[PDB]
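Here is the structure we will look at.
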Amino acid sequence: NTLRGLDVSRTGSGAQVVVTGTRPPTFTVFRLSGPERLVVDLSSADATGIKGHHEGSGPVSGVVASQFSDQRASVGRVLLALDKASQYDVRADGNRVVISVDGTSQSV
């Protein structure tokens with residue numbers, strides 16, 4: 001597999017989404033509106049997270065995942081419907097890709 005685990009840490013200051021994988025992931029993150037959404041596209045690996053979204057995540061209303069094929073390769077799209085406006089921050093560390101969804105406060 002490429003993606004081996006997927007974790008969501010809902011908290012009031014920021015919700016963290018973690019995607020763990022066997023190789024460093026190429027990704028792109030972007031926004032959509034009507035409804036407010038955050039979208040992550042993952043290459044080589046298609047990471048799908050589901051049923052991990054708690055009914056009390058202050059940020060994530062829900063998460064849908066789908067993979068599409070490009071030749072023998074696969075692109076996975078993760079879609080997070082939101083409860084409030086976010087400023088996402090994404091960083092990689094080893095085989096983990098971290099996305100933290102902050103509200104409107106970016107630095108203390």
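Quick note on naming: the chains in the structure tokens go A, B, ... in the order shown, residues restart at 1 in each chain, and ligands are numbered from 1 in order of appearance.
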Test item: residues at most 12 Å from segment 54-70 of chain A, only C-alpha atoms, excluding those fewer than 4 positions along its chain, as JSON, numbers by chain:
{"A": [6, 7, 8, 9, 10, 11, 12, 13, 14, 15, 16, 17, 35, 36, 37, 38, 39, 40, 41, 42, 43, 44, 45, 46, 47, 48, 49, 50, 74, 75, 76, 77, 78, 79, 80, 81, 82, 83, 84, 85, 86, 87, 88, 100, 101, 102, 103, 104]}
One decimal place gives the atom CA of residue 90 of chain A-atom CA of residue 32 of chain A separation as 16.7 Å
Would you work out the distance separating atom CA of residue 99 of chain A from atom CA of residue 53 of chain A, expressed in Å to one decimal?
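Atom-to-atom, atom CA of residue 99 of chain A to atom CA of residue 53 of chain A, that is 14.5 Å.
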What does the distance between atom CA of residue 30 of chain A and atom CA of residue 51 of chain A come to in Å, to one decimal place?
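Separation between atom CA of residue 30 of chain A and atom CA of residue 51 of chain A: 22.4 Å.
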I need the residue nearest residue 23 of chain A from this list: A:73, A:91, A:108, A:3. Use only C-alpha atoms for the distance.
A:3
Got a sec to tell me which of segment 19-82 of chain A DSSP assigns to strand (DSSP E or B), as a ChimeraX atom specification?
/A:19-21,26-32,37-43,60-70,73-82
So that I can see what lies close to residue 24 of chain A, please list as a ChimeraX atom specification the residues with an atom at most 8 Å from it, counting only C-alpha atoms and leaving out residues fewer than 2 positions away in the same chain.
/A:21-22,26,92,94-96
